[PDB]
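Notes for the structure review
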Amino acid sequence: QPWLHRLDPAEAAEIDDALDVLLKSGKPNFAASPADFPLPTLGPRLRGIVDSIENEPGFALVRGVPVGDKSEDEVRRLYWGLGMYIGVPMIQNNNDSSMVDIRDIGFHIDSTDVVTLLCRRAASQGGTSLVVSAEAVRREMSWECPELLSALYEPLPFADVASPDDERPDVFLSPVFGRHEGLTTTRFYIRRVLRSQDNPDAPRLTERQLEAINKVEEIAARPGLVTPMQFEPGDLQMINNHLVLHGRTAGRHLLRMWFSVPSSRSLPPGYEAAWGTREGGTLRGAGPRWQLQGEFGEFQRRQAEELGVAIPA
Amino acid sequence: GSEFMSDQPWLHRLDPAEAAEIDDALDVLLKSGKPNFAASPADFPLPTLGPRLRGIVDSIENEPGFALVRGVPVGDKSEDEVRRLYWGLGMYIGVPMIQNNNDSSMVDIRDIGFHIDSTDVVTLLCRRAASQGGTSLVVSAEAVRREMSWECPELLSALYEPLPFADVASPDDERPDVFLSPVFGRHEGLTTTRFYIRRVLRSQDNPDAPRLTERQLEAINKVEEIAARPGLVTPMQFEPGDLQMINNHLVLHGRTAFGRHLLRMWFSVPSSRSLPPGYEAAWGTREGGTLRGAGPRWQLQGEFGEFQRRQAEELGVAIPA
Ligand SMILES: [Cl-]
Ligand SMILES: [Cl-]
Ligand SMILES: [Cl-]
Ligand SMILES: [Fe+2]
Ligand SMILES: [Fe+2]
């Protein structure tokens, strides 16, 4: 498939050699640069793949990352090395983590420009990853139930993933479907919309809005629109959250990273509350207060200058 | 990519050898002594351009849904000779259709209103171009529908429900026959459109046709408004020898205001799309790749009808029984 990019032996061996440089450098992750994880041929190719998910269908699966003979610690450093050719990593939670373990789901986006998942160990049976184009869903609705689209273009309340108190979350407004200068952007997450109601000041969800978001979920789950993906050790999935909704079917171990990327799209008016800034190619996304602190923060600035990602002041 | 050509991808130029091939083909046709309705590709041989023409007509089933062939040698020909040349080219395009109540299968166009023609593929051969203006305009119907899905989705339902159209095949234009058809439809993943405001408004002259509701009038007006926007329109300035080919299921066409002379033909084609339920009234048959379109009663009669059957068998166009 066009979204599948396989690594050949030389490229896999190139990653092993890159990790050796990183391990032998005596530098910790947050002090490293791409020169400490050299990918002479795979580097430019990875940048190109990340650039390509700015277009439909908005995701890519890289296959063949050599993780089988590595320790868990070594895989994380390898993953960190690959991330230096993807984007600027972001803190993802209130625990100052920039790499989250997924071990032992309705369609949704992650609150970041690009999310990646590296599979170290695959699920025995279930755990099939599901991805769908948000624009394809919007287009089905435009044929089948256009009367509901207006509800998804008006801003709806979302609980902020960065809320310190999840029982009384901070809330921002965002449309589910938007577009700016011809580039579409989506935000969909039923749980976050329902949780927004725990803030008594947030607007109340009308039944029309509830009907519309439920319609989005129903259509996204249809066979004709879904692309299933059964992760194998060494798979690196990359998703553009402006274009893709992702989900999962019912000793797995995946590693998640969040990235700001230099090719991200500028956003429509009013999207500052949800994303921090409208301008594309900037350091943005969930939990602004988490970012740009300590050694990790100094890595973000160096990495942003390396890839050409602007840091809003 | 790595190359960026001057010509648009929908522009197909003829080289000298291809032009000479048409000149030679016309010589064969004129020297055979056969009239148009008795001829076959054997009487207008295009060894290299024939297959290329078939491929271009097949390719307009996909986006962008139109093509402009440039360089047909018409400059030194009489009006009569250009018509014979055009007829020869049509034997590699599709099965020609009767277009009006005077049994014409080649109509003269002489001296906005986006619309389709009531046929699968319409072609225009430019013998003479207008000195100033007269720019041909084409727009993607699905692109118009998609703007509406963003800007005014509440109006789309009115365009998916059948609307009344005056039938071009009506004997009495002041008392037209009327059929119902949606403005936008899709079947098995392939979209189809019908749009022509004048025809929709003229349907009201038939007292039996349904009266146009406010939502329908607002919706069709919105389609016209969006189609005329600069960002969606593709202009084309015809030159002598240009052959424009348009797939009416995907493209709406129009013209800007002003010795113009174009020749129009209508074709059933073997790669045409199957249509949604209820489209029989407007098209005759839903099945794709069949002889269909406006005025079924006009077709398959006399010598022209026998040419249609021979031509349909050559190209693989089915004739429903
Ligand atoms: Cl999230
Ligand atoms: Cl017509
Ligand atoms: Cl009319
Ligand atoms: Fe997620
Ligand atoms: Fe026309």
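Residues numbered from 1 in each chain as written, not as in the entry; some residues may be left out. Chains lettered and ligands numbered in written order. Heavy atoms only, no water.

- What the deposited record gives as its method is X-ray crystallography, and the resolution it gives is 1.9900 Å.

- Per the PDB record, the entry is named "Crystal structure of TtnM, a Fe(II)-alpha-ketoglutarate-dependent hydroxylase from the tautomycetin biosynthesis pathway in Streptomyces griseochromogenes at 2 A".
- Comment text from UniProt for chain B, heading Cofactor (unreviewed entry), reads "Fe(2+)". (UniProt positions renumbered as here; feature names shortened; annotations may be inferred.)

- What the UniProt record of chain A gives under Cofactor (unreviewed entry) is the line "Fe(2+)".

Comments concerning the overall build of chain A
- Of the regular secondary structure elements, chain A holds nine helices and 14 strands.
- Relative to the compact-globule value of 20 Å for 313 residues, chain A shows a C-alpha radius of gyration of 19 Å, a close match.
- Each principal axis of the C-alpha distribution contributes one length, and for chain A these read about 60 × 45 × 35 Å.
- The buried share among the 313 residues of chain A stands at 58%. (Helix = DSSP H or I, 4+ residues; strand = E, 2+ residues; numbered from the N terminus. Rg over C-alpha atoms; globule rule 2.2 N^0.38 Å. Buried < 20%, exposed > 50% of the residue type's maximum accessible area, 1.4 Å probe, protein only.)

Focus on the coordination of the iron ion (ligand 5)
All names here are of chain B.
- Looking at the metal site, the iron ion (ligand 5) is ligated by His115 (NE2), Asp117 (OD) and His253 (NE2), spaced 2.2 to 2.6 Å from it.
- All donor residues of the iron ion (ligand 5) come from one chain, and their arrangement in sequence is H-x1-D-x135-H. Linking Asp117 in the loop between β4 (107-109) and β5 (121-128) with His253 in strand β13 (residues 251-255), this pair joins segments that are 136 residues apart in sequence.
- Take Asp117: its relative accessible area is 7%, and that puts it in the buried class.
- Residue classification places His253 among the buried residues on the basis of a relative accessible area of 13%. (Donors = N, O, S within 2.8 Å, 3.2 Å for Na, K, Ca; no water.)

Some remarks on the sheet that holds β13(B)
Residues and elements named next belong to chain B.
- Strand order across the open sheet formed by three strands is β11-β6-β13, with antiparallel pairing between neighbours. Looking at which strands have only one partner, the edges of the open sheet turn out to be β11 (233-236) and β13. The average angle at which neighbouring strand axes cross in this sheet is 25°, direction not considered.
- Here strand β6 (residues 136-140) runs beside β13; their pairing, made up of five bridges, is antiparallel. Note on β13: the bridge partner recorded for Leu137 is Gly254. (Pairing = 2+ DSSP bridges. Axes fitted to C-alpha atoms, helices over the stretch in contact; angles between N-to-C directions.)

With respect to empty space enclosed by the protein
Residue and element names in this part refer to chain A.
- The computed volume of the largest cavity comes to approximately 60 Å³.
- Taken together, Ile109, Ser111, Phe158, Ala159, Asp160, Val161, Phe172, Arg187, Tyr189 and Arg192 make up the lining of the largest cavity.
- Here the lining of the largest cavity is composed, by residue class, of six nonpolar, one polar and three charged.
- Every residue lining the second largest cavity is listed: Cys119, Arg121, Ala122, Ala123, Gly126, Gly127, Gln230, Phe231, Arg252 and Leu254.
- When its residues are assigned to classes, the lining of the second largest cavity shows five nonpolar, three polar and two charged. (1 Å grid on protein atoms, 1.4 Å probe; cavity = no way out; pocket = protein on both sides within 12 Å on 5 of 7 lines; lining within 4 Å. Points joined across faces, edges and corners; volume = space filled by probe spheres on them. Nonpolar A, V, L, I, M, F, W, Y, C, P; charged D, E, K, R; others polar.)

Notes on the domain arrangement of chain B
Residues and elements named next belong to chain B.
- For chain B, the assigned domains read domain 1 (11-137 + 233-244 + 254-270 + 284-315) and domain 2 (139-227).
- Look at where the C-alpha atoms of domain 1 and domain 2 centre, and you get two points 27 Å apart.
- Listed per partner, the contact involves 15 residues of domain 1 and 14 residues of domain 2.
- Each partner contributes to the roughly 1200 Å² buried at the junction of domain 1 and domain 2, and carbon and sulfur atoms together form 54% of this total.
- Grouping the amino acids of the side of domain 1 that touches domain 2 by side-chain chemistry returns seven nonpolar, five polar and three charged. (Domains from an automatic or database assignment. Contact = heavy atoms within 4.5 Å. Buried area = accessible area lost by both parts, 1.4 Å probe.)

Observations concerning the coordination of the iron ion (ligand 4)
Residues and elements named next belong to chain A.
- Distances from the iron ion (ligand 4) to its protein donors, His108 (NE2), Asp110 (OD) and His246 (NE2), fall within 2.1 to 2.5 Å.
- All donor residues of the iron ion (ligand 4) come from one chain, and their arrangement in sequence is H-x1-D-x135-H. With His108 in the loop between β4 (100-102) and β5 (114-121) and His246 in strand β13 (residues 244-248), this pair connects stretches of sequence that are 138 residues apart.
- On the accessibility criterion, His246 (14% relative accessible area) is buried.

Quick word on helix α2 (residues 42-52) of chain A
All names here are of chain A.
- Taken as a whole, α2 has its buried residues at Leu42, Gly43, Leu46, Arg47, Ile49 and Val50. For α2, the angular spread of buried residues about the axis comes to 160°, placing them on one side.
- In this structure, the buried residues of α2 make contact with β1 (4-6), α1 (9-24), β2 (59-63), α3 (72-83), β12 (236-240) and α9 (294-307). (Arc of directions from axis to C-beta.)

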